[PDB]
Amino acid sequence: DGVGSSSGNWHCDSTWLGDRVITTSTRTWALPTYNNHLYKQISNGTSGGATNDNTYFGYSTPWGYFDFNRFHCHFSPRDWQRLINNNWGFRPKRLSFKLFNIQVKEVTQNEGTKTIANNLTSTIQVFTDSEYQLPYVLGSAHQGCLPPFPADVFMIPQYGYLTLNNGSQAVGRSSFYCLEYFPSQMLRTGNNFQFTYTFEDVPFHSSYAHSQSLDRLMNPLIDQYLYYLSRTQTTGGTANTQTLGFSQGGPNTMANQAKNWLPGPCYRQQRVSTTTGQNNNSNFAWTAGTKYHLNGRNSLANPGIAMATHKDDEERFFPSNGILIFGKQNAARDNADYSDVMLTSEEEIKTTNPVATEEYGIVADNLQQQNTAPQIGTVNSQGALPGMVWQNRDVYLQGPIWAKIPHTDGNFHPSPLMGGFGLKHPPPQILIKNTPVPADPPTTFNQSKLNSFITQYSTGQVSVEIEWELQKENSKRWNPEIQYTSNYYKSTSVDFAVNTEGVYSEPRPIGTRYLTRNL
Amino acid sequence: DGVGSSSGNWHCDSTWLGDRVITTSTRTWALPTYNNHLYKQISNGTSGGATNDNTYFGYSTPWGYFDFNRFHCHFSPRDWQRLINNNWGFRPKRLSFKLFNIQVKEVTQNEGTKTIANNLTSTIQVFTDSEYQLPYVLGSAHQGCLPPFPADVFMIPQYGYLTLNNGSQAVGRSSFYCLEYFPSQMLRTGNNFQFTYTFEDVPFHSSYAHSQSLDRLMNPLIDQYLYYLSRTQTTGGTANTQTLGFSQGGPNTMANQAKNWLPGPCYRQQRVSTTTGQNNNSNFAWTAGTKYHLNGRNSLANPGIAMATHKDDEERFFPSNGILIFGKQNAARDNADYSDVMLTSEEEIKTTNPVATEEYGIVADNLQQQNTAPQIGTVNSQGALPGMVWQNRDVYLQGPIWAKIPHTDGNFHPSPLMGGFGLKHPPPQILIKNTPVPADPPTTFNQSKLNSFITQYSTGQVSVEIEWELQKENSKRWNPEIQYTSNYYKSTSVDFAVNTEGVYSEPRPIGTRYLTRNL
Amino acid sequence: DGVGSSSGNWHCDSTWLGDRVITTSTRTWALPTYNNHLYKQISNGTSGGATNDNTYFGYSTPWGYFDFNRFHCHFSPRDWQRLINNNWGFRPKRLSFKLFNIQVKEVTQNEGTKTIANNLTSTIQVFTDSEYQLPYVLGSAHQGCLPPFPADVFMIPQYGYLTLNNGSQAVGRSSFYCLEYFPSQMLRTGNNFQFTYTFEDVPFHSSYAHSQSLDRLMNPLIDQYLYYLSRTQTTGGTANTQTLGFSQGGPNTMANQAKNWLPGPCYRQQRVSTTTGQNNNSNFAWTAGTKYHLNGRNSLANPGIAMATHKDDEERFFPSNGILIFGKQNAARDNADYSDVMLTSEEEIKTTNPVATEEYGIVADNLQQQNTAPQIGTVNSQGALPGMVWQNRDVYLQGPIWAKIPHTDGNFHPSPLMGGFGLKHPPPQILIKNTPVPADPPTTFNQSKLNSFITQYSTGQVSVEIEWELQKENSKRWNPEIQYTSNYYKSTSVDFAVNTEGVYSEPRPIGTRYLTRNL
Ligand code: NA
Ligand code: NA
Ligand code: NA
């Protein structure tokens, strides 16, 4: 381990071995000094115009962190295509992480003149929250992950966290965490860091779409032996009185047939069209938003439980806050136009999951008698019911991979709503920080903590290797399947490539459900 | 294996060994040529009067299939009685299936004169969908199962299936399956077929009724140490003002007592009386029906989640679509009269499950203050809640046995709603078909597929043996239990026997819950 | 491997061992940052004046590459002379490549004042395209190879490639390649790199000229026993009528003699004289150029198939685009004068290959009869014919060595037309790049890829050792052979040496065919 010796090589590749695929990606990173080496209490109350739904109390820290919770951090577009076009499923098995070729640079600023040089003896500090003692900030769809394109140099995100709050104030249970309290490895140029991790057992992601629907599992050609109430009143003319008539469900009465299952849970969202002219002329994104109520404040149930984005022929419709939406390259942070973002679609699950913008179904609302007509009620919120079956939200090339399951007494189907794998012991948080280097101190002793430091930052490479287990497709479907494919005809540029300006871009969201499977 | 040698014997019997009972039944079957040896696209759209709730797209195939998913296919009435009167539970363990004494006959039709003869060299084809690659059509309560009566010769059902559809059209994900794509055993008279299967671990069916109710589990003689808000206002006369009074639940206030559990989930159905005069005079079977909404179309939640058919003393009431209904011998397929069908009753579960035609309970609907009286809301749809306990629908001698659990990311309490055992790997589908035998072809070559075949059908016997594990009763109940019993006094015929015409009939539905068990 | 230790020595030499000769050359190189560390889509359509024949779509990359596909990269002039004056042939067997004594320097630019210093902790990245997954850019006669003169420091070429295009647009099949996707070795000053490679079996290059011609292989002294049609009409005066006369080819009728072979294939090029006055006064270089037509665009067949540059006594003539042409030291890039370039000559193959500017031969063009005189057609394009024999283009001291045979279903005599050895698995491409080193990043996190980098470049030495197998000459020719020789009389400077200015130059092209061989 010396100044003149590399401490690691560039490992970027993918190998397919059978029921496994191993991805490996390396990137060059840059880490500045955050918070001026300080920890700062940050808060936001209800003063000014800040609403109560957005209050918070927490801290910003001088630390940065590595994040690769995004599929494109590991799969190239072509690899993603190889995965989704041929496998009914897949899942993470184990990973290796490495930090190397570290270099700490210090910048001198005198008379407009700026010079940067190495500080051969400075160190960075690194450690993993292997015992999950820090607030788990990963799994919240934050920016700062390794770039999709291998040639892009990225900046390391700053670590910050939240605790309990009451307005802009802290409460008795509010917790303060000092990351310097943890043992951490100190590396100088020449030193490297690495660790291994094994994923817990988790189900394969459903990278397939159903080629059958819950309400169409019977034999088209045979009647049931079971009967259903088919008539409640006579029909012979005008002397119509009450009676009781029963019939057997059959090919023409599939909606009446007795069935064994029920569609998945529902939490109805407001519908909105991509054809603005068809929408009400008001600003309802928030006022008509589907939300949950937690201790006084409201949050969008975004994207909320997995529901079909729209029913047959209505591609223009989508749940106001019930789908993942990515931005196109350079889309504005605020009020970006529809043509600057990319809406995803969980259309593939219409097959088992209720459509996100409609009722779950209908229930009786009273007791009918001869003097009281029967009444019905529309169900727009339907929790788990015995016999329900459903699918989870799909995952995307540019979407999240996993999330830490909250440590609670209970929960229900812990599949992270934004999509992905829910893990009790997810990949550990990897914290990194440039060690503060005092600028000359006074010549006579003083109690005060130093606050004058040499200006510096660090850079180096990072590698992440993940082994994935594949669940091969075993279909007897005779006719060809749907497959993700590149466009055929000429185009100004190549999809999933760089610009004349060297800018890489992801033209569209790529899901995972192309192959089909029976129910 | 020769023309003159039987390839199997008649095995029909039952043996009880302790915590096991083995059923064995053989039947004679007949298989015609279906679809003229062809596969046909079948569809039903929204034209004519066909409603959208009944649209579909699928295929009919030239294949038949064996089905024995009906308890009476294995248990004789007496055996069913032996089972339900002495065991708290039971479940399937393993099975053996066999096809033998196969004979293919061809029929010649010339001048009104019809003759049938053997075609000693023809074959039938058989195979099991052991990898569940075909749409699983069993578990939809279709007719065509082996007959309850051993002497009845039955016809084999034709196999057909459904895929996705949009009206009467197919969509991109629609799948087409060719059963000739699968390896299959070909048998001539003299050949036989057989296979073995083992049921996955599954809970014992609850063949018992609770002799206690969820709201009556306390000691009748002792007060709780816990208190409840008992008074909100003074009582001394007319100067009545707000106050706070607390009391301890006790023998006379069992409805107020603190309890540990909640009744099972609810999805309220409209009530209907068997005394037509008490019903509203309108045709509400469908309009007031309890349904679920899936991709644009509605289906009856039939019979839906398990709920008590009626409360105390109301045997005349039942959920419009919340109970299994069987027909009596020869009941019409359409608009059969009440006296021609047999309604089942889940009355035994009033003990833990909400009554199907009433509310789950009551919740607060606002925040009361001195100027605002408290308001309440009736709950008619209640999904899973921590602390709930419930029972499943009972199974019946003439009811279904199992159903394949849909292949989905999630589900909740996968007990098939029509009743029975939910299995991830249920008994495989057994497909059978008579091999097409060309009638003379032209004398000079022609591209076209032959469409002229010898007319023939097949017949033979089929055996199914299933081993069931019994959960013996261990009750300390002092007084006698309720038991299913034959009627004592004279009758025109014998229940569960044949007619003067040789017709077998099942006079009533026979449940499984006679013995009792504490909560 | 340290900052103060050399990681390799200077190996420049040649050793002759018998049927082998091992060349070894080392050079000092310099590598700048290319494309500002970016990948850029580059294109050229049909707008402005750009013709369709020159359209293209591809990418420029931040990578450089090593190239030594030029004989003078390995053989000194004297060594080349030792080779060509004594061997009938030779070929590459194996090679060793090495990168060492690497130094990365960073340049600071403040107030017109420029300073360069070491960046002891920076790295370069290197890797070989050992599986031929990148577009093979070598073998296209590009500049950037190691210099002929060992003392010259050279600049490393930038890597770029082309894919399919339609005008200036890309198409569906267009491919984008990221070199950071490949595993690569990272070296700091002190680290080194190296690899070994073995050439596939390939024929010896024909470093000889034939001392016999295809049409002169018979015995000068003996008649053939075979006859040929020698007369078609009588000769006795004016009563001349048709007849049939046959004769035996002999010493005076060698042009009529029956022969076993045919001259090599032909693709006639337009002739041009070095005496401008003898040329047509028009600009026909392109309009009269010999070309091939591929998907809408035309390319010069340059130099095209191997054909003799000129026939006897016409050294002044040459195919407009059918010979290799090198420039003299400092010849302009555009419109260089005839006296500034050096034309090569494949004159040695007149012996078997058609002359490049004349017909292949003559064929019948009709069916002659007594009323129809026979007609003939001149053949200017003649593809492979049974019995043909030919020679390939010679190779030159300053010419290319090998080319990768295109991966296609078929091909014919895959000897690269520009000259050299055609290999299915040629020496791998060696890619190199300076790793980007971020200049200080912002102090608060930002999504954007860094675009501010420290200015730097690298330098070091490179070694290439190749082992060549020689095919010794075994001639019984009595009289001396032609040999390449230095001029005898006084001259201003020494051929193949430096200037008074220190500039090395190659005064002339040196072929390989001096010794002779019978057919
Ligand atoms: Na694409
Ligand atoms: Na009876
Ligand atoms: Na010379």
# chains A, B, ... in the order shown; residues from 1 in each chain; ligands from 1

$ residues_near_ligand --ligand "ligand 2" --cutoff "12 Å" --atoms "only C-alpha atoms and all ligand atoms" --output "list in words"
residues 76, 77, 78, 79, 80, 81, 483, 484, 485, 486, 487, 488, 489, 491, 493, 494, 495, 496, 497, 505, 506, 507, 508, 509 and 510 of chain B

$ write_last_selection --atoms "N, CA, C and O atoms" --output "short mmCIF file (atom, residue, chain, number, x, y, z; two decimals), in the first residue's frame"
data_model
loop_
_atom_site.label_atom_id
_atom_site.label_comp_id
_atom_site.auth_asym_id
_atom_site.auth_seq_id
_atom_site.Cartn_x
_atom_site.Cartn_y
_atom_site.Cartn_z
N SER B 76 -68.76 -42.32 0.41
CA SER B 76 -70.14 -42.73 0.24
C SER B 76 -70.87 -41.94 1.32
O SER B 76 -70.24 -41.37 2.22
N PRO B 77 -72.21 -41.88 1.26
CA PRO B 77 -72.92 -41.13 2.29
C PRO B 77 -72.59 -41.64 3.69
O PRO B 77 -72.32 -40.85 4.61
N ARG B 78 -72.59 -42.96 3.86
CA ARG B 78 -72.30 -43.55 5.16
C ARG B 78 -70.88 -43.20 5.62
O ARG B 78 -70.67 -42.88 6.79
N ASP B 79 -69.93 -43.25 4.70
CA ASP B 79 -68.55 -42.92 5.05
C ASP B 79 -68.43 -41.47 5.47
O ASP B 79 -67.69 -41.14 6.40
N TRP B 80 -69.16 -40.60 4.78
CA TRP B 80 -69.14 -39.18 5.09
C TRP B 80 -69.67 -39.03 6.51
O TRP B 80 -69.17 -38.23 7.31
N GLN B 81 -70.69 -39.82 6.84
CA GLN B 81 -71.27 -39.75 8.17
C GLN B 81 -70.27 -40.22 9.22
O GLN B 81 -70.17 -39.63 10.31
N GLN B 483 -75.40 -34.91 15.98
CA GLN B 483 -74.86 -35.86 15.01
C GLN B 483 -75.73 -35.91 13.77
O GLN B 483 -76.94 -35.75 13.85
N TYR B 484 -75.12 -36.14 12.61
CA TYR B 484 -75.93 -36.26 11.41
C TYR B 484 -76.57 -37.64 11.50
O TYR B 484 -75.89 -38.63 11.76
N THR B 485 -77.88 -37.71 11.29
CA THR B 485 -78.57 -38.98 11.37
C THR B 485 -79.61 -39.17 10.27
O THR B 485 -80.14 -38.20 9.74
N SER B 486 -79.87 -40.43 9.93
CA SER B 486 -80.88 -40.74 8.93
C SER B 486 -82.22 -40.50 9.62
O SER B 486 -82.29 -40.52 10.85
N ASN B 487 -83.27 -40.25 8.84
CA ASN B 487 -84.59 -40.05 9.42
C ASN B 487 -85.06 -41.38 9.98
O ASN B 487 -84.68 -42.43 9.48
N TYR B 488 -85.89 -41.32 11.01
CA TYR B 488 -86.38 -42.52 11.67
C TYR B 488 -87.67 -43.11 11.10
O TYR B 488 -87.77 -44.32 10.87
N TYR B 489 -88.65 -42.25 10.83
CA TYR B 489 -89.94 -42.72 10.38
C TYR B 489 -90.05 -43.07 8.91
O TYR B 489 -89.22 -42.66 8.09
N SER B 491 -90.85 -43.65 4.99
CA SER B 491 -90.69 -42.76 3.84
C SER B 491 -90.88 -43.52 2.53
O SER B 491 -90.66 -44.73 2.47
N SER B 493 -89.12 -43.49 -0.14
CA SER B 493 -87.87 -44.02 -0.65
C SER B 493 -86.81 -43.87 0.43
O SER B 493 -87.08 -43.35 1.51
N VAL B 494 -85.61 -44.33 0.13
CA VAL B 494 -84.50 -44.25 1.07
C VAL B 494 -83.61 -43.08 0.67
O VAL B 494 -83.26 -42.94 -0.51
N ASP B 495 -83.27 -42.23 1.63
CA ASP B 495 -82.40 -41.08 1.36
C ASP B 495 -81.02 -41.56 0.92
O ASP B 495 -80.42 -42.42 1.57
N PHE B 496 -80.52 -41.00 -0.18
CA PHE B 496 -79.22 -41.38 -0.73
C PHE B 496 -79.26 -42.81 -1.27
O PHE B 496 -78.48 -43.67 -0.87
N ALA B 497 -80.21 -43.04 -2.17
CA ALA B 497 -80.39 -44.34 -2.79
C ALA B 497 -81.03 -44.08 -4.13
O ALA B 497 -81.23 -42.92 -4.51
N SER B 505 -79.99 -40.08 -6.03
CA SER B 505 -80.17 -38.68 -5.68
C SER B 505 -79.66 -38.34 -4.28
O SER B 505 -79.66 -39.19 -3.39
N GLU B 506 -79.22 -37.10 -4.11
CA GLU B 506 -78.73 -36.62 -2.83
C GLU B 506 -79.80 -35.65 -2.34
O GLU B 506 -79.87 -34.50 -2.77
N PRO B 507 -80.66 -36.12 -1.43
CA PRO B 507 -81.78 -35.36 -0.85
C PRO B 507 -81.41 -34.05 -0.18
O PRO B 507 -82.21 -33.12 -0.17
N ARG B 508 -80.21 -33.96 0.38
CA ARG B 508 -79.83 -32.74 1.08
C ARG B 508 -78.34 -32.52 1.08
O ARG B 508 -77.57 -33.42 0.76
N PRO B 509 -77.90 -31.30 1.42
CA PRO B 509 -76.47 -31.03 1.46
C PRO B 509 -76.03 -31.52 2.83
O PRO B 509 -76.76 -31.34 3.81
N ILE B 510 -74.87 -32.17 2.93
CA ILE B 510 -74.42 -32.59 4.25
C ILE B 510 -73.11 -31.91 4.54
O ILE B 510 -72.12 -32.07 3.82
#

$ residues_around --residues "stretch 161-170 of chain A" --least-positions-apart "6" --cutoff "12 Å" --atoms "only C-alpha atoms" --output "PyMOL selection string"
chain A and resi 39-47+50-63+134-138+140+176-179+295-297

$ interface_residues --of "chain A" --to "chain B" --cutoff "6 Å" --atoms "only C-alpha atoms" --output "ChimeraX atom specification"
/A:211-212,216,218-221,223-227,232-233,241-242,245-248,254-256,258,260,311,350,354-355,360-364,369-371,373-374,383-391,477-478,518-519

$ atom_distance --atom1 "atom CA of residue C:30" --atom2 "atom CA of residue C:458"
5.8 Å

$ select_by_dssp --residues "stretch 126-275 of chain B" --states "strand (DSSP E or B)" --output "ChimeraX atom specification"
/B:126-128,142,154-155,158-163,166,169,185-187,193-198,209-210,227-233,242-248,262-263,266-267,271-273

$ write_last_selection --atoms "N, CA and C atoms" --output "short mmCIF file (atom, residue, chain, number, x, y, z; two decimals), in the first residue's frame"
data_model
loop_
_atom_site.label_atom_id
_atom_site.label_comp_id
_atom_site.auth_asym_id
_atom_site.auth_seq_id
_atom_site.Cartn_x
_atom_site.Cartn_y
_atom_site.Cartn_z
N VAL B 126 -53.06 -39.68 -23.06
CA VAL B 126 -53.25 -39.19 -21.71
C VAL B 126 -51.98 -38.57 -21.18
N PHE B 127 -52.14 -37.53 -20.37
CA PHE B 127 -50.99 -36.90 -19.76
C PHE B 127 -51.43 -36.01 -18.61
N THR B 128 -50.51 -35.76 -17.69
CA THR B 128 -50.80 -34.90 -16.55
C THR B 128 -50.02 -33.60 -16.71
N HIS B 142 -67.10 -26.92 -11.81
CA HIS B 142 -67.73 -27.39 -13.04
C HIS B 142 -68.28 -28.80 -12.92
N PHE B 154 -70.34 -42.10 -16.70
CA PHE B 154 -70.32 -40.67 -16.98
C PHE B 154 -69.54 -40.29 -18.22
N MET B 155 -69.82 -39.08 -18.68
CA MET B 155 -69.21 -38.52 -19.87
C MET B 155 -68.07 -37.59 -19.44
N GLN B 158 -65.20 -31.55 -21.65
CA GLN B 158 -64.28 -31.07 -22.66
C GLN B 158 -63.43 -29.94 -22.06
N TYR B 159 -62.15 -29.94 -22.38
CA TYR B 159 -61.25 -28.93 -21.85
C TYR B 159 -61.24 -27.66 -22.70
N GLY B 160 -61.38 -26.53 -22.02
CA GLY B 160 -61.37 -25.24 -22.68
C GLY B 160 -60.79 -24.27 -21.68
N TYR B 161 -60.30 -23.12 -22.14
CA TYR B 161 -59.71 -22.15 -21.22
C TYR B 161 -59.84 -20.72 -21.72
N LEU B 162 -59.60 -19.77 -20.83
CA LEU B 162 -59.69 -18.35 -21.16
C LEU B 162 -58.37 -17.64 -20.94
N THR B 163 -58.14 -16.57 -21.69
CA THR B 163 -56.95 -15.68 -21.59
C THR B 163 -57.48 -14.29 -21.51
N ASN B 166 -60.36 -8.03 -24.45
CA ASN B 166 -60.82 -6.66 -24.51
C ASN B 166 -62.07 -6.77 -25.33
N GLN B 169 -62.28 -9.26 -28.36
CA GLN B 169 -60.99 -9.36 -29.01
C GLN B 169 -59.91 -9.80 -28.04
N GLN B 185 -48.87 -40.12 -23.05
CA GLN B 185 -48.83 -41.57 -23.20
C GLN B 185 -49.94 -42.00 -24.15
N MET B 186 -49.60 -42.87 -25.09
CA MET B 186 -50.59 -43.36 -26.04
C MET B 186 -50.95 -44.80 -25.69
N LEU B 187 -52.23 -45.06 -25.45
CA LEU B 187 -52.64 -46.40 -25.10
C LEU B 187 -53.65 -47.03 -26.04
N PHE B 193 -52.72 -46.70 -17.69
CA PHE B 193 -52.01 -45.50 -17.28
C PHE B 193 -52.18 -45.28 -15.79
N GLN B 194 -51.18 -44.67 -15.16
CA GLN B 194 -51.28 -44.40 -13.73
C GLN B 194 -50.22 -43.47 -13.21
N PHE B 195 -50.55 -42.81 -12.10
CA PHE B 195 -49.60 -41.92 -11.48
C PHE B 195 -49.90 -41.76 -10.00
N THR B 196 -48.91 -41.22 -9.30
CA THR B 196 -48.97 -41.00 -7.88
C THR B 196 -48.80 -39.53 -7.59
N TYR B 197 -49.39 -39.07 -6.49
CA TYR B 197 -49.30 -37.67 -6.13
C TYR B 197 -49.35 -37.52 -4.62
N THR B 198 -48.62 -36.54 -4.10
CA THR B 198 -48.61 -36.30 -2.67
C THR B 198 -49.08 -34.87 -2.40
N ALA B 209 -68.04 -27.38 15.23
CA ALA B 209 -68.67 -26.08 15.44
C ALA B 209 -68.24 -25.63 16.82
N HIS B 210 -68.08 -24.33 17.00
CA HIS B 210 -67.69 -23.81 18.30
C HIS B 210 -68.87 -23.85 19.27
N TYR B 227 -61.51 -1.10 34.02
CA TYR B 227 -62.69 -0.23 34.03
C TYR B 227 -62.99 0.24 32.62
N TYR B 228 -64.21 0.73 32.42
CA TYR B 228 -64.62 1.29 31.14
C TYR B 228 -65.45 2.54 31.45
N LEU B 229 -65.48 3.47 30.50
CA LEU B 229 -66.26 4.70 30.66
C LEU B 229 -67.70 4.23 30.69
N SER B 230 -68.38 4.41 31.82
CA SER B 230 -69.77 3.98 31.96
C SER B 230 -70.78 5.14 31.97
N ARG B 231 -70.33 6.33 32.35
CA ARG B 231 -71.23 7.47 32.41
C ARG B 231 -70.57 8.75 31.90
N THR B 232 -71.33 9.52 31.14
CA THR B 232 -70.84 10.77 30.56
C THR B 232 -71.62 11.99 31.05
N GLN B 233 -72.73 11.74 31.72
CA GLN B 233 -73.59 12.81 32.21
C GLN B 233 -74.24 12.43 33.54
N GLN B 242 -72.44 17.34 32.11
CA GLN B 242 -71.40 16.37 31.83
C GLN B 242 -70.55 16.02 33.03
N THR B 243 -70.15 14.75 33.08
CA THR B 243 -69.33 14.20 34.14
C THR B 243 -68.61 13.00 33.52
N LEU B 244 -67.83 12.30 34.33
CA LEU B 244 -67.10 11.12 33.89
C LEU B 244 -67.26 10.02 34.94
N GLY B 245 -67.90 8.92 34.55
CA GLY B 245 -68.11 7.80 35.45
C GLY B 245 -67.54 6.52 34.87
N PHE B 246 -66.83 5.76 35.70
CA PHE B 246 -66.22 4.51 35.25
C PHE B 246 -66.67 3.32 36.07
N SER B 247 -66.78 2.17 35.42
CA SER B 247 -67.21 0.95 36.10
C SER B 247 -66.43 -0.27 35.62
N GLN B 248 -66.53 -1.35 36.38
CA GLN B 248 -65.87 -2.60 36.06
C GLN B 248 -66.85 -3.55 35.39
N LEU B 262 -61.47 -9.77 18.11
CA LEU B 262 -62.46 -9.15 17.25
C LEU B 262 -63.00 -10.21 16.28
N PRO B 263 -64.28 -10.09 15.86
CA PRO B 263 -64.86 -11.06 14.93
C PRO B 263 -64.19 -10.93 13.57
N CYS B 266 -65.60 -8.70 7.26
CA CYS B 266 -66.96 -8.57 6.75
C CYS B 266 -67.09 -7.88 5.39
N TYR B 267 -68.03 -8.33 4.58
CA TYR B 267 -68.34 -7.79 3.25
C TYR B 267 -69.85 -8.03 3.04
N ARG B 271 -79.87 -9.32 2.30
CA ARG B 271 -80.63 -10.44 2.85
C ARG B 271 -81.86 -10.76 2.02
N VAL B 272 -82.26 -12.03 2.01
CA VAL B 272 -83.46 -12.45 1.29
C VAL B 272 -84.10 -13.60 2.04
N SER B 273 -85.43 -13.57 2.13
CA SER B 273 -86.19 -14.59 2.86
C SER B 273 -86.70 -15.69 1.95
#

$ closest_residue --among "A:517, A:125, A:31, A:239" --to "residue A:180" --atoms "only C-alpha atoms"
A:125

$ select_by_dssp --residues "stretch 260-431 of chain C" --states "helix (DSSP H, G or I)" --output "list in words"
residues 276, 277, 278, 338, 339, 340, 347, 348, 349, 350 and 351 of chain C

$ write_last_selection --atoms "C-alpha atoms" --output "compact mmCIF listing (two decimals), in the first residue's frame"
# COMPACT_ATOMS: atom_id res chain seq x y z
CA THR C 276 1.11 15.18 -66.74
CA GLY C 277 1.26 16.24 -70.40
CA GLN C 278 0.17 12.72 -71.42
CA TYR C 338 3.70 14.43 -57.06
CA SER C 339 7.24 15.23 -55.92
CA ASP C 340 6.05 15.14 -52.30
CA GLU C 347 5.28 -4.37 -61.04
CA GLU C 348 6.79 -7.66 -59.77
CA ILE C 349 3.49 -9.50 -60.26
CA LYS C 350 3.06 -8.88 -64.05
CA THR C 351 4.15 -12.45 -63.99

$ atom_distance --atom1 "atom CA of residue B:375" --atom2 "atom CA of residue B:234"
20.5 Å

$ decode --residues "stretch 268-279 of chain C" --atoms "N, CA and C atoms" --output "compact mmCIF listing (two decimals), in the first residue's frame"
# COMPACT_ATOMS: atom_id res chain seq x y z
N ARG C 268 -10.35 -3.75 -63.63
CA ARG C 268 -9.67 -2.67 -64.35
C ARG C 268 -9.81 -1.24 -63.77
N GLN C 269 -8.65 -0.60 -63.62
CA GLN C 269 -8.57 0.77 -63.11
C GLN C 269 -8.12 1.68 -64.24
N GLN C 270 -8.43 2.97 -64.12
CA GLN C 270 -8.04 3.93 -65.15
C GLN C 270 -6.55 4.21 -65.00
N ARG C 271 -5.86 4.31 -66.13
CA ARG C 271 -4.42 4.58 -66.13
C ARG C 271 -4.11 6.07 -66.06
N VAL C 272 -2.98 6.42 -65.46
CA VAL C 272 -2.57 7.82 -65.37
C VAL C 272 -1.05 7.87 -65.40
N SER C 273 -0.50 8.83 -66.15
CA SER C 273 0.94 8.98 -66.30
C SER C 273 1.53 9.99 -65.33
N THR C 274 2.80 9.80 -64.98
CA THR C 274 3.47 10.74 -64.08
C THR C 274 3.97 11.93 -64.89
N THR C 275 3.80 11.85 -66.21
CA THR C 275 4.14 12.91 -67.17
C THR C 275 2.80 13.55 -67.44
N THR C 276 2.41 14.53 -66.62
CA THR C 276 1.11 15.18 -66.74
C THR C 276 0.65 15.51 -68.16
N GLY C 277 1.59 15.89 -69.02
CA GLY C 277 1.26 16.24 -70.40
C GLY C 277 0.58 15.10 -71.16
N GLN C 278 0.77 13.85 -70.72
CA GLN C 278 0.17 12.72 -71.42
C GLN C 278 -1.24 12.39 -70.90
N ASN C 279 -1.70 13.12 -69.89
CA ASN C 279 -3.02 12.87 -69.33
C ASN C 279 -4.10 13.78 -69.89
